[PDB]
>>> print(open('final.pdb').read())   # PDB, C-alpha atoms
ATOM      1  CA  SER A   1     -15.396  35.676 -54.564  1.00  0.00           C
ATOM      2  CA  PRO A   2     -12.583  34.979 -52.163  1.00  0.00           C
ATOM      3  CA  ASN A   3     -14.500  32.258 -50.318  1.00  0.00           C
ATOM      4  CA  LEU A   4     -13.068  32.370 -46.824  1.00  0.00           C
ATOM      5  CA  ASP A   5     -13.255  29.884 -43.969  1.00  0.00           C
ATOM      6  CA  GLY A   6     -14.775  31.936 -41.159  1.00  0.00           C
ATOM      7  CA  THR A   7     -14.453  29.086 -38.670  1.00  0.00           C
ATOM      8  CA  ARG A   8     -10.664  29.178 -39.066  1.00  0.00           C
ATOM      9  CA  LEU A   9     -10.646  32.974 -38.762  1.00  0.00           C
ATOM     10  CA  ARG A  10     -12.677  32.747 -35.559  1.00  0.00           C
ATOM     11  CA  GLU A  11     -10.285  30.243 -34.047  1.00  0.00           C
ATOM     12  CA  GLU A  12      -7.291  32.322 -35.115  1.00  0.00           C
ATOM     13  CA  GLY A  13      -8.943  35.244 -33.352  1.00  0.00           C
ATOM     14  CA  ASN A  14      -9.373  33.088 -30.258  1.00  0.00           C
ATOM     15  CA  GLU A  15      -5.711  32.013 -30.343  1.00  0.00           C
ATOM     16  CA  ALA A  16      -4.601  35.617 -30.709  1.00  0.00           C
ATOM     17  CA  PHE A  17      -6.856  36.649 -27.840  1.00  0.00           C
ATOM     18  CA  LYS A  18      -5.322  33.935 -25.623  1.00  0.00           C
ATOM     19  CA  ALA A  19      -1.826  35.333 -26.343  1.00  0.00           C
ATOM     20  CA  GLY A  20      -2.708  38.938 -25.538  1.00  0.00           C
ATOM     21  CA  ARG A  21      -2.506  39.834 -29.245  1.00  0.00           C
ATOM     22  CA  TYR A  22      -5.694  41.869 -29.061  1.00  0.00           C
ATOM     23  CA  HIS A  23      -5.170  43.960 -32.195  1.00  0.00           C
ATOM     24  CA  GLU A  24      -4.669  40.770 -34.190  1.00  0.00           C
ATOM     25  CA  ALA A  25      -7.682  39.179 -32.510  1.00  0.00           C
ATOM     26  CA  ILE A  26      -9.757  42.187 -33.580  1.00  0.00           C
ATOM     27  CA  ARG A  27      -8.515  41.767 -37.159  1.00  0.00           C
ATOM     28  CA  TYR A  28      -9.363  38.073 -37.379  1.00  0.00           C
ATOM     29  CA  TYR A  29     -12.705  38.456 -35.584  1.00  0.00           C
ATOM     30  CA  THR A  30     -13.586  41.272 -38.004  1.00  0.00           C
ATOM     31  CA  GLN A  31     -12.826  39.003 -40.954  1.00  0.00           C
ATOM     32  CA  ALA A  32     -14.874  36.216 -39.356  1.00  0.00           C
ATOM     33  CA  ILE A  33     -17.804  38.556 -38.719  1.00  0.00           C
ATOM     34  CA  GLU A  34     -17.885  39.343 -42.446  1.00  0.00           C
ATOM     35  CA  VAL A  35     -18.463  35.622 -43.048  1.00  0.00           C
ATOM     36  CA  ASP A  36     -20.597  34.853 -39.953  1.00  0.00           C
ATOM     37  CA  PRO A  37     -22.443  38.097 -39.164  1.00  0.00           C
ATOM     38  CA  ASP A  38     -24.927  36.705 -36.592  1.00  0.00           C
ATOM     39  CA  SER A  39     -22.724  35.127 -33.906  1.00  0.00           C
ATOM     40  CA  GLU A  40     -23.204  36.487 -30.408  1.00  0.00           C
ATOM     41  CA  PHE A  41     -19.950  34.738 -29.507  1.00  0.00           C
ATOM     42  CA  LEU A  42     -17.937  36.518 -32.192  1.00  0.00           C
ATOM     43  CA  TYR A  43     -19.278  39.933 -31.243  1.00  0.00           C
ATOM     44  CA  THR A  44     -18.747  39.268 -27.525  1.00  0.00           C
ATOM     45  CA  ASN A  45     -15.187  38.060 -28.189  1.00  0.00           C
ATOM     46  CA  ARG A  46     -14.430  41.143 -30.274  1.00  0.00           C
ATOM     47  CA  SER A  47     -16.038  43.300 -27.579  1.00  0.00           C
ATOM     48  CA  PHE A  48     -13.664  41.774 -25.028  1.00  0.00           C
ATOM     49  CA  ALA A  49     -10.664  42.406 -27.278  1.00  0.00           C
ATOM     50  CA  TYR A  50     -11.654  46.072 -27.745  1.00  0.00           C
ATOM     51  CA  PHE A  51     -12.121  46.464 -23.993  1.00  0.00           C
ATOM     52  CA  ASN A  52      -8.613  45.107 -23.429  1.00  0.00           C
ATOM     53  CA  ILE A  53      -7.147  47.840 -25.648  1.00  0.00           C
ATOM     54  CA  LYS A  54      -9.228  50.594 -23.974  1.00  0.00           C
ATOM     55  CA  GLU A  55     -11.535  51.051 -26.967  1.00  0.00           C
ATOM     56  CA  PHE A  56     -14.563  51.218 -24.713  1.00  0.00           C
ATOM     57  CA  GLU A  57     -17.057  52.698 -27.185  1.00  0.00           C
ATOM     58  CA  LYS A  58     -16.231  50.033 -29.771  1.00  0.00           C
ATOM     59  CA  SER A  59     -16.414  47.403 -27.050  1.00  0.00           C
ATOM     60  CA  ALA A  60     -19.870  48.582 -26.024  1.00  0.00           C
ATOM     61  CA  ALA A  61     -21.046  48.663 -29.637  1.00  0.00           C
ATOM     62  CA  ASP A  62     -19.979  45.048 -30.208  1.00  0.00           C
ATOM     63  CA  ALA A  63     -21.518  43.859 -26.953  1.00  0.00           C
ATOM     64  CA  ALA A  64     -24.752  45.662 -27.821  1.00  0.00           C
ATOM     65  CA  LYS A  65     -24.750  43.791 -31.121  1.00  0.00           C
ATOM     66  CA  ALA A  66     -24.307  40.503 -29.237  1.00  0.00           C
ATOM     67  CA  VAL A  67     -27.333  41.433 -27.113  1.00  0.00           C
ATOM     68  CA  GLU A  68     -29.313  42.159 -30.288  1.00  0.00           C
ATOM     69  CA  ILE A  69     -28.319  38.764 -31.700  1.00  0.00           C
ATOM     70  CA  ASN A  70     -29.096  36.839 -28.505  1.00  0.00           C
ATOM     71  CA  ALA A  71     -30.571  38.760 -25.575  1.00  0.00           C
ATOM     72  CA  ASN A  72     -30.332  35.552 -23.495  1.00  0.00           C
ATOM     73  CA  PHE A  73     -26.527  35.175 -23.768  1.00  0.00           C
ATOM     74  CA  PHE A  74     -25.190  36.397 -20.420  1.00  0.00           C
ATOM     75  CA  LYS A  75     -21.745  37.361 -21.677  1.00  0.00           C
ATOM     76  CA  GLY A  76     -23.049  39.961 -24.115  1.00  0.00           C
ATOM     77  CA  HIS A  77     -24.759  41.800 -21.262  1.00  0.00           C
ATOM     78  CA  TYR A  78     -21.710  41.389 -19.029  1.00  0.00           C
ATOM     79  CA  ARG A  79     -19.302  42.795 -21.618  1.00  0.00           C
ATOM     80  CA  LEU A  80     -21.756  45.616 -22.349  1.00  0.00           C
ATOM     81  CA  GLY A  81     -22.035  46.502 -18.671  1.00  0.00           C
ATOM     82  CA  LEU A  82     -18.270  46.519 -18.183  1.00  0.00           C
ATOM     83  CA  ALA A  83     -17.817  48.810 -21.175  1.00  0.00           C
ATOM     84  CA  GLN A  84     -20.655  51.048 -19.966  1.00  0.00           C
ATOM     85  CA  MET A  85     -18.941  51.306 -16.571  1.00  0.00           C
ATOM     86  CA  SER A  86     -15.667  52.325 -18.258  1.00  0.00           C
ATOM     87  CA  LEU A  87     -17.629  55.020 -20.135  1.00  0.00           C
ATOM     88  CA  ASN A  88     -19.064  56.284 -16.811  1.00  0.00           C
ATOM     89  CA  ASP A  89     -22.623  55.201 -17.718  1.00  0.00           C
ATOM     90  CA  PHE A  90     -23.314  53.490 -14.421  1.00  0.00           C
ATOM     91  CA  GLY A  91     -27.096  53.492 -14.703  1.00  0.00           C
ATOM     92  CA  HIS A  92     -26.954  51.683 -18.022  1.00  0.00           C
ATOM     93  CA  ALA A  93     -24.203  49.426 -16.711  1.00  0.00           C
ATOM     94  CA  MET A  94     -26.213  48.380 -13.664  1.00  0.00           C
ATOM     95  CA  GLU A  95     -29.112  47.306 -15.850  1.00  0.00           C
ATOM     96  CA  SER A  96     -26.825  45.372 -18.208  1.00  0.00           C
ATOM     97  CA  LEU A  97     -25.077  43.656 -15.309  1.00  0.00           C
ATOM     98  CA  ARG A  98     -28.412  42.807 -13.672  1.00  0.00           C
ATOM     99  CA  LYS A  99     -29.454  41.020 -16.874  1.00  0.00           C
ATOM    100  CA  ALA A 100     -26.070  39.283 -17.118  1.00  0.00           C
ATOM    101  CA  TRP A 101     -26.323  38.063 -13.526  1.00  0.00           C
ATOM    102  CA  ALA A 102     -29.796  36.618 -14.071  1.00  0.00           C
ATOM    103  CA  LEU A 103     -28.563  34.691 -17.137  1.00  0.00           C
ATOM    104  CA  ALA A 104     -25.108  33.662 -15.982  1.00  0.00           C
ATOM    105  CA  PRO A 105     -23.946  30.174 -15.051  1.00  0.00           C
ATOM    106  CA  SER A 106     -23.353  29.894 -11.316  1.00  0.00           C
ATOM    107  CA  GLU A 107     -19.610  29.839 -12.066  1.00  0.00           C
ATOM    108  CA  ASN A 108     -19.785  33.392 -13.393  1.00  0.00           C
ATOM    109  CA  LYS A 109     -22.213  35.087 -11.002  1.00  0.00           C
ATOM    110  CA  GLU A 110     -19.608  36.191  -8.457  1.00  0.00           C
ATOM    111  CA  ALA A 111     -17.641  38.320 -10.938  1.00  0.00           C
ATOM    112  CA  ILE A 112     -20.888  39.930 -12.082  1.00  0.00           C
ATOM    113  CA  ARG A 113     -22.002  40.580  -8.504  1.00  0.00           C
ATOM    114  CA  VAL A 114     -18.653  42.238  -7.839  1.00  0.00           C
ATOM    115  CA  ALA A 115     -18.972  44.432 -10.940  1.00  0.00           C
ATOM    116  CA  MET A 116     -22.430  45.526  -9.746  1.00  0.00           C
ATOM    117  CA  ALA A 117     -21.026  46.433  -6.333  1.00  0.00           C
ATOM    118  CA  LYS A 118     -18.353  48.545  -8.028  1.00  0.00           C
ATOM    119  CA  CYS A 119     -20.972  50.139 -10.242  1.00  0.00           C
ATOM    120  CA  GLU A 120     -23.204  51.041  -7.292  1.00  0.00           C
ATOM    121  CA  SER A 121     -20.269  52.663  -5.478  1.00  0.00           C
ATOM    122  CA  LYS A 122     -20.042  55.200  -8.318  1.00  0.00           C
ATOM    123  CA  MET A 123     -23.770  56.029  -8.256  1.00  0.00           C
ATOM    124  CA  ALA A 124     -24.969  59.056  -6.292  1.00  0.00           C
ATOM    125  CA  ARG A 125     -27.735  61.650  -5.928  1.00  0.00           C
TER     126      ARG A 125
ATOM    127  CA  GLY B   6     -21.398  22.608 -34.684  1.00  0.00           C
ATOM    128  CA  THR B   7     -19.838  26.027 -34.820  1.00  0.00           C
ATOM    129  CA  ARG B   8     -22.165  26.695 -31.887  1.00  0.00           C
ATOM    130  CA  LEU B   9     -20.960  23.517 -30.164  1.00  0.00           C
ATOM    131  CA  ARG B  10     -17.389  24.745 -30.662  1.00  0.00           C
ATOM    132  CA  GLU B  11     -18.292  28.108 -29.079  1.00  0.00           C
ATOM    133  CA  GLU B  12     -20.010  26.496 -26.134  1.00  0.00           C
ATOM    134  CA  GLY B  13     -16.997  24.254 -25.657  1.00  0.00           C
ATOM    135  CA  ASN B  14     -14.666  27.250 -25.770  1.00  0.00           C
ATOM    136  CA  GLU B  15     -16.803  29.083 -23.217  1.00  0.00           C
ATOM    137  CA  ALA B  16     -16.845  26.004 -20.970  1.00  0.00           C
ATOM    138  CA  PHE B  17     -13.074  25.724 -21.199  1.00  0.00           C
ATOM    139  CA  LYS B  18     -12.686  29.424 -20.319  1.00  0.00           C
ATOM    140  CA  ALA B  19     -14.834  28.843 -17.204  1.00  0.00           C
ATOM    141  CA  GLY B  20     -12.833  25.782 -16.117  1.00  0.00           C
ATOM    142  CA  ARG B  21     -15.694  23.370 -16.894  1.00  0.00           C
ATOM    143  CA  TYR B  22     -13.316  20.914 -18.523  1.00  0.00           C
ATOM    144  CA  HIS B  23     -15.591  17.871 -18.477  1.00  0.00           C
ATOM    145  CA  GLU B  24     -18.311  19.993 -20.083  1.00  0.00           C
ATOM    146  CA  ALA B  25     -15.839  21.351 -22.634  1.00  0.00           C
ATOM    147  CA  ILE B  26     -14.880  17.781 -23.520  1.00  0.00           C
ATOM    148  CA  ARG B  27     -18.539  16.921 -24.080  1.00  0.00           C
ATOM    149  CA  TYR B  28     -19.162  19.930 -26.331  1.00  0.00           C
ATOM    150  CA  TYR B  29     -15.909  19.451 -28.253  1.00  0.00           C
ATOM    151  CA  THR B  30     -16.733  15.766 -28.730  1.00  0.00           C
ATOM    152  CA  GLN B  31     -20.083  16.724 -30.255  1.00  0.00           C
ATOM    153  CA  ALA B  32     -18.364  19.358 -32.411  1.00  0.00           C
ATOM    154  CA  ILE B  33     -15.748  16.846 -33.576  1.00  0.00           C
ATOM    155  CA  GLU B  34     -18.527  14.448 -34.605  1.00  0.00           C
ATOM    156  CA  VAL B  35     -19.783  17.185 -36.946  1.00  0.00           C
ATOM    157  CA  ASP B  36     -16.341  18.484 -37.995  1.00  0.00           C
ATOM    158  CA  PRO B  37     -13.454  16.001 -37.673  1.00  0.00           C
ATOM    159  CA  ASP B  38     -11.013  18.181 -39.644  1.00  0.00           C
ATOM    160  CA  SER B  39     -10.188  20.971 -37.141  1.00  0.00           C
ATOM    161  CA  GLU B  40      -6.741  21.045 -35.562  1.00  0.00           C
ATOM    162  CA  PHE B  41      -8.166  23.657 -33.193  1.00  0.00           C
ATOM    163  CA  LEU B  42     -10.938  21.408 -31.869  1.00  0.00           C
ATOM    164  CA  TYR B  43      -8.567  18.514 -31.331  1.00  0.00           C
ATOM    165  CA  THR B  44      -5.975  20.717 -29.650  1.00  0.00           C
ATOM    166  CA  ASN B  45      -8.591  22.298 -27.383  1.00  0.00           C
ATOM    167  CA  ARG B  46     -10.014  18.924 -26.411  1.00  0.00           C
ATOM    168  CA  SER B  47      -6.448  17.676 -25.863  1.00  0.00           C
ATOM    169  CA  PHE B  48      -5.934  20.559 -23.444  1.00  0.00           C
ATOM    170  CA  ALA B  49      -9.173  19.818 -21.583  1.00  0.00           C
ATOM    171  CA  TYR B  50      -8.187  16.153 -21.240  1.00  0.00           C
ATOM    172  CA  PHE B  51      -4.755  17.152 -19.940  1.00  0.00           C
ATOM    173  CA  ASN B  52      -6.384  19.378 -17.317  1.00  0.00           C
ATOM    174  CA  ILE B  53      -8.376  16.419 -15.964  1.00  0.00           C
ATOM    175  CA  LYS B  54      -5.302  14.131 -16.054  1.00  0.00           C
ATOM    176  CA  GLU B  55      -6.523  11.990 -18.983  1.00  0.00           C
ATOM    177  CA  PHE B  56      -3.055  12.009 -20.483  1.00  0.00           C
ATOM    178  CA  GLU B  57      -3.554   9.154 -22.947  1.00  0.00           C
ATOM    179  CA  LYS B  58      -6.687  10.771 -24.359  1.00  0.00           C
ATOM    180  CA  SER B  59      -4.854  14.110 -24.413  1.00  0.00           C
ATOM    181  CA  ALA B  60      -2.027  12.644 -26.471  1.00  0.00           C
ATOM    182  CA  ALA B  61      -4.419  10.933 -28.893  1.00  0.00           C
ATOM    183  CA  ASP B  62      -6.228  14.225 -29.570  1.00  0.00           C
ATOM    184  CA  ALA B  63      -3.038  16.231 -29.984  1.00  0.00           C
ATOM    185  CA  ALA B  64      -1.730  13.602 -32.409  1.00  0.00           C
ATOM    186  CA  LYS B  65      -4.928  14.007 -34.430  1.00  0.00           C
ATOM    187  CA  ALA B  66      -4.292  17.762 -34.498  1.00  0.00           C
ATOM    188  CA  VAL B  67      -0.714  17.220 -35.765  1.00  0.00           C
ATOM    189  CA  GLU B  68      -2.084  14.885 -38.448  1.00  0.00           C
ATOM    190  CA  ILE B  69      -4.497  17.574 -39.694  1.00  0.00           C
ATOM    191  CA  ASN B  70      -1.925  20.423 -39.531  1.00  0.00           C
ATOM    192  CA  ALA B  71       1.667  19.442 -38.802  1.00  0.00           C
ATOM    193  CA  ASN B  72       2.620  23.134 -38.877  1.00  0.00           C
ATOM    194  CA  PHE B  73       0.337  24.092 -35.949  1.00  0.00           C
ATOM    195  CA  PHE B  74       2.714  24.574 -33.020  1.00  0.00           C
ATOM    196  CA  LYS B  75       0.056  24.053 -30.338  1.00  0.00           C
ATOM    197  CA  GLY B  76      -0.705  20.515 -31.472  1.00  0.00           C
ATOM    198  CA  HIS B  77       2.942  19.543 -31.004  1.00  0.00           C
ATOM    199  CA  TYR B  78       3.137  21.392 -27.687  1.00  0.00           C
ATOM    200  CA  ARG B  79       0.031  19.683 -26.296  1.00  0.00           C
ATOM    201  CA  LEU B  80       1.313  16.353 -27.618  1.00  0.00           C
ATOM    202  CA  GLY B  81       4.702  16.840 -26.002  1.00  0.00           C
ATOM    203  CA  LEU B  82       3.184  17.786 -22.644  1.00  0.00           C
ATOM    204  CA  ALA B  83       0.971  14.701 -22.694  1.00  0.00           C
ATOM    205  CA  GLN B  84       3.885  12.484 -23.732  1.00  0.00           C
ATOM    206  CA  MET B  85       5.962  13.865 -20.838  1.00  0.00           C
ATOM    207  CA  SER B  86       3.135  13.060 -18.424  1.00  0.00           C
ATOM    208  CA  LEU B  87       3.103   9.520 -19.847  1.00  0.00           C
ATOM    209  CA  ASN B  88       6.876   9.253 -19.224  1.00  0.00           C
ATOM    210  CA  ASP B  89       7.615   9.122 -22.974  1.00  0.00           C
ATOM    211  CA  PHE B  90      10.404  11.673 -22.868  1.00  0.00           C
ATOM    212  CA  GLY B  91      12.060  10.802 -26.173  1.00  0.00           C
ATOM    213  CA  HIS B  92       8.783  11.294 -27.998  1.00  0.00           C
ATOM    214  CA  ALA B  93       8.042  14.378 -25.927  1.00  0.00           C
ATOM    215  CA  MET B  94      11.342  16.046 -26.706  1.00  0.00           C
ATOM    216  CA  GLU B  95      10.869  15.531 -30.445  1.00  0.00           C
ATOM    217  CA  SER B  96       7.356  16.990 -30.207  1.00  0.00           C
ATOM    218  CA  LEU B  97       8.591  19.935 -28.162  1.00  0.00           C
ATOM    219  CA  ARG B  98      11.423  20.671 -30.601  1.00  0.00           C
ATOM    220  CA  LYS B  99       8.838  20.857 -33.373  1.00  0.00           C
ATOM    221  CA  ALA B 100       6.611  23.088 -31.242  1.00  0.00           C
ATOM    222  CA  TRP B 101       9.591  25.332 -30.533  1.00  0.00           C
ATOM    223  CA  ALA B 102      10.426  25.725 -34.206  1.00  0.00           C
ATOM    224  CA  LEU B 103       6.815  26.547 -35.106  1.00  0.00           C
ATOM    225  CA  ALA B 104       5.985  28.709 -32.097  1.00  0.00           C
ATOM    226  CA  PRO B 105       5.241  32.419 -31.872  1.00  0.00           C
ATOM    227  CA  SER B 106       7.831  34.378 -29.921  1.00  0.00           C
ATOM    228  CA  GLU B 107       5.528  34.705 -26.898  1.00  0.00           C
ATOM    229  CA  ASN B 108       5.288  30.893 -26.580  1.00  0.00           C
ATOM    230  CA  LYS B 109       9.003  30.067 -26.791  1.00  0.00           C
ATOM    231  CA  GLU B 110       9.661  30.343 -23.050  1.00  0.00           C
ATOM    232  CA  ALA B 111       6.962  27.848 -22.072  1.00  0.00           C
ATOM    233  CA  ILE B 112       8.322  25.369 -24.597  1.00  0.00           C
ATOM    234  CA  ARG B 113      11.927  25.861 -23.438  1.00  0.00           C
ATOM    235  CA  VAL B 114      10.827  25.191 -19.852  1.00  0.00           C
ATOM    236  CA  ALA B 115       9.028  22.011 -20.910  1.00  0.00           C
ATOM    237  CA  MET B 116      12.165  20.850 -22.708  1.00  0.00           C
ATOM    238  CA  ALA B 117      14.257  21.551 -19.603  1.00  0.00           C
ATOM    239  CA  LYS B 118      11.924  19.380 -17.536  1.00  0.00           C
ATOM    240  CA  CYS B 119      11.947  16.692 -20.233  1.00  0.00           C
ATOM    241  CA  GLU B 120      15.730  16.536 -20.509  1.00  0.00           C
ATOM    242  CA  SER B 121      16.159  16.173 -16.747  1.00  0.00           C
ATOM    243  CA  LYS B 122      14.412  12.781 -17.055  1.00  0.00           C
ATOM    244  CA  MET B 123      16.591  11.583 -19.997  1.00  0.00           C
ATOM    245  CA  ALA B 124      20.213  11.428 -21.241  1.00  0.00           C
TER     246      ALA B 124
END
>>> encode(input="final.pdb", output="structure tokens")
Amino acid sequence: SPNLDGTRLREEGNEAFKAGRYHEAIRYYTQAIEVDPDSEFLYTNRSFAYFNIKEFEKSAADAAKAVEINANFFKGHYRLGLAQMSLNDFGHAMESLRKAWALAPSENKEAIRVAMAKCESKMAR
Amino acid sequence: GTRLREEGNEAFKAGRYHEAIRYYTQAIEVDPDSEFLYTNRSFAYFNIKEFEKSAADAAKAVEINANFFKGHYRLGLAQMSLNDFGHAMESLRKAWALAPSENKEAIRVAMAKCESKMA
């Protein structure tokens, strides 16, 4: 086998993400996921990269996988809710964001609260 | 270990630099061979004004991978903050030569600030 260092690929993905090189981040995260297929962090990071290139369905799929891997990781739910909002699924997004808010560090709650306010403004009868 | 690295990266993203340092320190105890961990902890130390510790970490990153531009950049920034401008300029020239195109401007600016304090 090509025996690949998935830790290095993950950090290369992180460096690319920091630079705005989202397509490259997606490439390196995808390679890392092949080596480390049960990381909620990898799937959330790739979800964020897909969101930043307007690939909202792929972003939601990755964030949903992060939630499968660790339903108690707030960022998976947050990324899922943001992608669901961009797909106009505000009911699903509200539930995802509610779970993210409950799990989030106090540092992160305000951004989640704001996303929920935006989501509610799009909801009607 | 990998999970400690992730938690450290998440802490750094949230501005919890002291917490990032703690997680990265635990990660480095498990894995002392990552230029990324040392560079990220160097950055966290710089952000809390621990410039000597920042420089020590960045130097460890350069020792592991002398071709990683970010190790030299972090080292040069810490050396500038320690008033070691000759060392800093040599580090920043190496960072420049190794850097992606999107990072060149930041390194050029650092060198401009460095040279104003020298020659």
>>> resolve_selection(input="final.pdb", expression="the ChimeraX specification (/A :<10) & /B", output="ChimeraX atom specification")
/B:7-8,10-12,14-15,19-21,39-42,75,105,107-108
>>> resolve_selection(input="final.pdb", expression="the PyMOL selection byres ((chain B and resi 74) around 12)", output="short mmCIF file (atom, residue, chain, number, x, y, z; two decimals) with C-alpha atoms, in the coordinates of the input")
data_model
loop_
_atom_site.label_atom_id
_atom_site.label_comp_id
_atom_site.auth_asym_id
_atom_site.auth_seq_id
_atom_site.Cartn_x
_atom_site.Cartn_y
_atom_site.Cartn_z
CA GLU A 15 -5.71 32.01 -30.34
CA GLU B 40 -6.74 21.04 -35.56
CA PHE B 41 -8.17 23.66 -33.19
CA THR B 44 -5.98 20.72 -29.65
CA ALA B 63 -3.04 16.23 -29.98
CA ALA B 64 -1.73 13.60 -32.41
CA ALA B 66 -4.29 17.76 -34.50
CA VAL B 67 -0.71 17.22 -35.76
CA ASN B 70 -1.92 20.42 -39.53
CA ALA B 71 1.67 19.44 -38.80
CA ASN B 72 2.62 23.13 -38.88
CA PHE B 73 0.34 24.09 -35.95
CA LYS B 75 0.06 24.05 -30.34
CA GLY B 76 -0.70 20.52 -31.47
CA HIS B 77 2.94 19.54 -31.00
CA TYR B 78 3.14 21.39 -27.69
CA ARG B 79 0.03 19.68 -26.30
CA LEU B 80 1.31 16.35 -27.62
CA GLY B 81 4.70 16.84 -26.00
CA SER B 96 7.36 16.99 -30.21
CA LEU B 97 8.59 19.93 -28.16
CA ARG B 98 11.42 20.67 -30.60
CA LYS B 99 8.84 20.86 -33.37
CA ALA B 100 6.61 23.09 -31.24
CA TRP B 101 9.59 25.33 -30.53
CA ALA B 102 10.43 25.72 -34.21
CA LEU B 103 6.82 26.55 -35.11
CA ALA B 104 5.98 28.71 -32.10
CA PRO B 105 5.24 32.42 -31.87
CA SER B 106 7.83 34.38 -29.92
CA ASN B 108 5.29 30.89 -26.58
CA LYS B 109 9.00 30.07 -26.79
CA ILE B 112 8.32 25.37 -24.60
#
>>> residues_near_point(input="final.pdb", point="(-23.2, 55.4, -9.3)", cutoff="10 Å", atoms="all atoms listed in the file", output="ChimeraX atom specification")
/A:85,88-91,93-94,116-125
>>> residues_around(input="final.pdb", residues="segment 33-38 of chain B", least_positions_apart="5", cutoff="8 Å", atoms="all atoms listed in the file", output="tab-separated table (two decimals) with C-alpha atoms, in the coordinates of the input")
chain	number	residue	atom	x	y	z
B	6	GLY	CA	-21.40	22.61	-34.68
B	43	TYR	CA	-8.57	18.51	-31.33
B	69	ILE	CA	-4.50	17.57	-39.69
>>> resolve_selection(input="final.pdb", expression="the PyMOL selection byres ((chain A and resi 67-72) around 10)", output="list in words")
residues 37, 38, 39, 40, 41, 43, 44, 61, 62, 63, 64, 65, 66, 73, 74, 75, 76, 77, 78, 79, 80, 96, 99, 100, 102, 103 and 104 of chain A
>>> write_last_selection(input="final.pdb", atoms="C-alpha atoms", output="CSV table (one decimal), in the frame of the given file")
chain,number,residue,atom,x,y,z
A,37,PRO,CA,-22.4,38.1,-39.2
A,38,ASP,CA,-24.9,36.7,-36.6
A,39,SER,CA,-22.7,35.1,-33.9
A,40,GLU,CA,-23.2,36.5,-30.4
A,41,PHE,CA,-20.0,34.7,-29.5
A,43,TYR,CA,-19.3,39.9,-31.2
A,44,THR,CA,-18.7,39.3,-27.5
A,61,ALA,CA,-21.0,48.7,-29.6
A,62,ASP,CA,-20.0,45.0,-30.2
A,63,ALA,CA,-21.5,43.9,-27.0
A,64,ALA,CA,-24.8,45.7,-27.8
A,65,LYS,CA,-24.8,43.8,-31.1
A,66,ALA,CA,-24.3,40.5,-29.2
A,73,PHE,CA,-26.5,35.2,-23.8
A,74,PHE,CA,-25.2,36.4,-20.4
A,75,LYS,CA,-21.7,37.4,-21.7
A,76,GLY,CA,-23.0,40.0,-24.1
A,77,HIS,CA,-24.8,41.8,-21.3
A,78,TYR,CA,-21.7,41.4,-19.0
A,79,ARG,CA,-19.3,42.8,-21.6
A,80,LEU,CA,-21.8,45.6,-22.3
A,96,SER,CA,-26.8,45.4,-18.2
A,99,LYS,CA,-29.5,41.0,-16.9
A,100,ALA,CA,-26.1,39.3,-17.1
A,102,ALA,CA,-29.8,36.6,-14.1
A,103,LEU,CA,-28.6,34.7,-17.1
A,104,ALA,CA,-25.1,33.7,-16.0
>>> atom_distance(input="final.pdb", atom1="atom CA of residue 123 of chain B", atom2="atom CA of residue 90 of chain B")
6.8 Å
>>> atom_distance(input="final.pdb", atom1="atom CA of residue 58 of chain B", atom2="atom CA of residue 13 of chain B")
17.0 Å
>>> atom_distance(input="final.pdb", atom1="atom CA of residue 87 of chain A", atom2="atom CA of residue 31 of chain A")
26.7 Å
>>> closest_residue(input="final.pdb", among="A:97, A:115, A:35, A:16", to="residue 49 of chain A", atoms="all atoms listed in the file")
A:16
